[PDB]
C-alpha cells in the first residue's frame, strides 16, 4: 500500500514482457503471433508517448515518388502532416511526417538486425521537403531536416546474454544510413547509440521496456516537431 515510483516503472515493464511472453507461447500461427506482438508495442507507444506522436504500421512515400519498405512500427506526426493515402485501414505517410522507424519481431538475431537496418535506411533515403514556418511571432526559416531515429523491438534473442558480442557486431555493421539508435529486447535489456562517444550503450535488466520508452522520449525531444511539409511537391504527381 506504500506508493513506489520504482514499482510503477517495474510494472510498466512487467506488463509488456508478460504480454509478449503470452503471445509467444500461445499463438501457434506465425502471422498471428507477429500481429499480436506488434499490437503490444504499438499499444505501449500509443498509451505512453506524448500525443504529438502517432504510432502505427505504414509505408512511407516521398515527393519524388519513392517508397520505403513496410514499417511495422513507425512514429510520426499528424498534427501538422496529412496522410498521403489511407484506405481500408492501411496507410501511407509522407516522409516529412516521420520521427522514428522500428522493426518489431519476436527474436533478435543477426538476420533481423540487418533487416531492421535496411528498413530504417529505406526511410532515411527518402527526400524530405521543408518550408518556412508561419507562427504567432512571424515566420521561421525552414527547419533543418530532423534525424529519423531507427530501432529494433524484440522479446527474445538467439544469443544469451542477448546484449553481448554477437549483438554488438551486428549493430556496429551499420553506423550510417541503416544505423539503429535505440532498441529493446524485452526479456533482457535495452541499447542505444551514444553519438558523443560513438558507441553503443547496453543495459541488462533494469526494466527494459520502460528504459527503452524513457530513452526514446528523451531522444525524440531533441527533434522537436517535424519540418513543415510542402504538399505541393507531392501535387506535381497530379498531372503525371
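Positions refer to the first chain, counted from 1.
Asks: Averaged over C-alpha atoms, is the B-factor higher for 91-99 or for 160-168 in this PDB entry?
Replies: So the stretch with the higher mean C-alpha B-factor is 160-168.
Asks: Which is higher on average in the deposited entry, the C-alpha temperature factors of 134-142 or of 105-113?
Replies: The entry gives the higher C-alpha B-factor average to 105-113.
Asks: Using the entry's values, work out which of 51, 29, 215, 59 has the largest Cα B factor.
Replies: So the option with the highest C-alpha B-factor is 29.
Asks: Return the residue from 44, 182, 196, 36 that has the highest Cα B-factor in the entry.
Replies: In this record, 196 carries the highest C-alpha B-factor of the candidates.
Asks: Could you look up the Cα B-factor of residue 147 in the entry and say which third of the chain it sits in: lowest, middle or highest?
Replies: According to the entry, residue 147 has a C-alpha B-factor in the chain's highest third.
Asks: When the deposited Cα B-factors of this chain's modelled residues are ordered and cut into thirds, is residue 69 in the lowest, the middle or the highest one?
Replies: For residue 69, whose C-alpha B-factor we compare with every modelled residue in the chain, the answer is the middle third.
Asks: Among the modelled residues of this chain, does the Cα B factor of residue 176 put it in the lowest, middle or highest third?
Replies: According to the entry, residue 176 has a C-alpha B-factor in the chain's highest third.
Asks: Relative to the other modelled residues in the chain, which third contains the C-alpha temperature factor of residue 187: lowest, middle or highest?
Replies: For residue 187, whose C-alpha B-factor we compare with every modelled residue in the chain, the answer is the highest third.
Asks: Going by the CA temperature factor in the PDB record, which third of the chain does residue 210 belong to: lowest, middle or highest?
Replies: Ranked within chain, residue 210 CA B lands in the lowest tercile.
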